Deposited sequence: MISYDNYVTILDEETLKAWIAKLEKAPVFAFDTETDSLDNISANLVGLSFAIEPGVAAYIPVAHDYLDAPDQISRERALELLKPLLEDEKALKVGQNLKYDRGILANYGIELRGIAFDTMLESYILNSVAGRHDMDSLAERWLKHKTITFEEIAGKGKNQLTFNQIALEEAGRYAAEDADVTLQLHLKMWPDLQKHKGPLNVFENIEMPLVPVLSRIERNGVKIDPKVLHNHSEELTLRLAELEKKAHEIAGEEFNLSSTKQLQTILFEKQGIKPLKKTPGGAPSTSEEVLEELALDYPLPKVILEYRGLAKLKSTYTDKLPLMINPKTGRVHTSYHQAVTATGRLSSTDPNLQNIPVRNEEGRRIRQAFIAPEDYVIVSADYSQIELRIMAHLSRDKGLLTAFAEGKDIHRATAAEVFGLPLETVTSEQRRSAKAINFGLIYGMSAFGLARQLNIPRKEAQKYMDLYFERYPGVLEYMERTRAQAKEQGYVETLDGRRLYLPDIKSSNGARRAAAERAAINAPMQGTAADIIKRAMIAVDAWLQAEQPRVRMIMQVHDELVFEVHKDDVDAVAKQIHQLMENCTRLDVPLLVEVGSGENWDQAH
C-alpha cells in the first residue's frame, strides 16, 4: 500500500523554497505535472511533483478546488518560484513522457530545459518490443512494484473525477509516487543503457532531442477546412446511394454489400468461382481480379472504400478541431512502433489513402492560414536508397547517382533491354520486386501481387539477384547476425530484438526473418527522419523565420511557410534535410508548395 506518511504535501512557500534549494544541488531529479485534462493545449495545471532521491518525493497542489479545499500555494506564485529551476538547461530532469510536461509549462510562458532523461524512451531504446512503455507496465517490469492507478483515485465512467476534485492527500500519494518511481526506473535503466554504444547514441542524439520538437509540432496543430470536409461528406452520401443502385441494377433485388453472405449468393451464382475475398487481404483479393472485366465486383470494391473513408476522416476530422486554437492537434507516439518510426492518432495521418483520388480530397482540407502556403518536404524512396547502401551494390548505387528511375533501371537490367524502351508492365514488375525485397517478400507473394504464375516470379528474382548480387549478400548476412545475436540494428545503432528467430515454429520464425531484413531499412529511415526534424527545428528556434513545422507522415515533413519567404525557406529546409543527417546514404529531398497539403504533395 502507500499511506500519507511516505511523501510530503507542500502547502507553504517556506517549504517549497527549502525543496527548490535541495533540487538545485541534486545531480538529476524527477518531476511530473498533474492537470485537469489529457488535452495538452487547453489543460490546466493542477499540481506538480518532484523526487530528489529514492523514497524522497513531494507534491505541490496549486489548483484543487473541491468544496472546502485547504489553502494551497497559488499557481502563479509556485510557478514564478519554480521557473528559474525549470528553465535551467544545467538542472537535469527525469520524467515519464516529458513531451506532455513540457507543453503544460509552455501554457504559462515557461520553457522547460534540461530535458535529459525520459524513462519512456529509456525503456523503448533498451528493447522496443519488451512490452508496453507506460509507467504502470514499467514499474511492474523493472521494480516488481504496482503503482497507484489513475482510476484508483479518480474513478471510472463518465462520473470520473478530474485531478482538481481529488483530495490533497489522495492526489499527493499518486503524484509523489510517480515522481519517485520514475527516478528509480531511471536509476535502473540508465546504467544498462550504457553497455552498448549503439542504443546509447540513438537515445541521446535522436530520441531525447526529439521530445521538445514533437511537443512543438503537436501544440502548433494543423489548419483544417471543415466546409470542404462537409461538402465531401454530402457528396459521398450521394455517391454511396448511386453505387448501391448500380449494384442492384446489375443483378436483382436489394442486399448488403457484405461478402460471405449477400455477395456469394450473387457473384458466383451468376458465374465465377466459389471463394470470397477478405477485407490475408493484401495478397488475395478475389474481388479486384474480376474487376478487370466483370462490372459488379468492381462497384462493391469502390463502395466499401468510400464508406470506410467518410466515417473515418470526413465525419471525424471536423469534430477534432480544438475550440481554443481552432486547429487540429494530432497525437504523435514516439515509443510505440517496433522499428522506431513515429506513429500517429486522432487523426492517424498515415491511413489517409495516398494513391487514391479520394485521399487527395482529404488532403485538400489541410490548408494554410492567410498569407501562408503549405510546404511539403519528402525523402524520395528513402528505404530503397537505404537498401542500396546496405547491399553495397554498384548497380543500384549508380542508378541513384545518375538520377535515373530505379524501377526502370532495375527492369532494364533484369529483362536485359535499353532504358528508354522499358515498358510500363516491365517497370511495374521491377517495382514489385524492389519493394518486395524491403519487406522480405517470398517469391510466391510477388506472384500474387504481379498476377504471374509461381516460378515465373522466381525466374525474375533469380535474374535480379544475379544482376544485383550485393542484395542477396545483405539478405543472407542479415538473417545470419539475427540468429547469432537475437537482434538486428540500424545504421545509427537502433535495435529490434527478434525472440522468434530460433522459434522452432514454422511461420512464427518466418515472420522473425522477414523482420530481420526489413527493420534495418525501416529503422534507418526513421532515424534519418528524426535527425532532420531535430535539425530543422534547431534552425527554426535559433533564426525565428516565418514557418511552423506542422506534420510528419511517412517519409515527409510538412510546414506552413509565409508566401513572401517560400524561396529562401525552401532552399534552407532542403539543405538541412539532405545534408545535415547521414552522409553515407544517397538522399534526395523533393520540396513542393501550394494552397493546401494536396497541392504541395
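Unmodelled ranges, which are counted on the deposited sequence from position 1 and given in order: Since the structure holds only modelled residues, the one stretch it omits is 280-283.
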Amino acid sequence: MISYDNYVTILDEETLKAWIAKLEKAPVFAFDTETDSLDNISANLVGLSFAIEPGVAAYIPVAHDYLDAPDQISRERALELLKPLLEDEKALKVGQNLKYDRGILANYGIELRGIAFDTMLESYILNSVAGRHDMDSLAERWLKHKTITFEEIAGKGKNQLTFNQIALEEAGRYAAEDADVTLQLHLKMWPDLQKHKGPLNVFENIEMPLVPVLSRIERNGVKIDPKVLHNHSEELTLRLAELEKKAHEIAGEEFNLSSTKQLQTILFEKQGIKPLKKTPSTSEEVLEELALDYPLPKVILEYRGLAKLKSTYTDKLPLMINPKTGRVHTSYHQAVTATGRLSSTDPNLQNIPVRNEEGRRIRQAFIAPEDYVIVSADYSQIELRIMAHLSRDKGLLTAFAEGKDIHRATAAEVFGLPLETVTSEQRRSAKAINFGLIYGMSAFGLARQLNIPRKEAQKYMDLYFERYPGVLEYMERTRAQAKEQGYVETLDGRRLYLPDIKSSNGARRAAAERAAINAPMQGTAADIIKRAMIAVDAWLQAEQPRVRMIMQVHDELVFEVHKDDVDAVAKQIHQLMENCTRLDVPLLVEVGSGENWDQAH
From here on, numbers count along this sequence of modelled residues.
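Definition used throughout: the rigid core is the maximal C-alpha set that superposes within 1.5 Å between two forms.
Looking at C-alpha RMS in 7 other deposited structures of this protein with the core superposed, is it 119-127 or 292-300 that drifts more? After superposing on the rigid core, the more displaced stretch in 7 other deposited structures of this protein is 292-300.
Greater mean Cα temperature factor according to the PDB record, 179-187 or 439-447: Higher mean C-alpha B-factor in the PDB entry: 439-447.
Regarding 492-500 and 464-472, which shows the higher C-alpha temperature factor on average in the entry? According to the entry, 464-472 carries the higher average C-alpha B-factor.
Compare the CA B factors listed in the entry for 74, 256, 162, 128 and report the winner. By C-alpha B-factor in the record, 256 ranks first.
Specify which of 136, 225, 484, 169 carries the largest Cα B factor in the deposited PDB entry. Comparing C-alpha B-factors across 136, 225, 484, 169, the top value belongs to 484.
Thinking about Cα B factors across the chain, which third does residue 17 belong to? Lowest third - that is where residue 17 ends up once the chain's C-alpha B-factors are sorted.
Name the third of the chain's ranked CA B-factors that contains residue 352, choosing lowest, middle or highest. Middle third by C-alpha B-factor.
Which third, lowest, middle or highest, does the C-alpha temperature factor of residue 10 belong to within its own chain? According to the entry, residue 10 has a C-alpha B-factor in the chain's lowest third.
Would you mind checking where the Cα B-factor of residue 392 ranks among the modelled residues of its chain, as the lowest, middle or highest third? It falls in the top third of the chain.
What third of the chain does residue 117 rank in for C-alpha temperature factor, lowest, middle or highest? Its C-alpha B-factor belongs to the lowest third of this chain's values.
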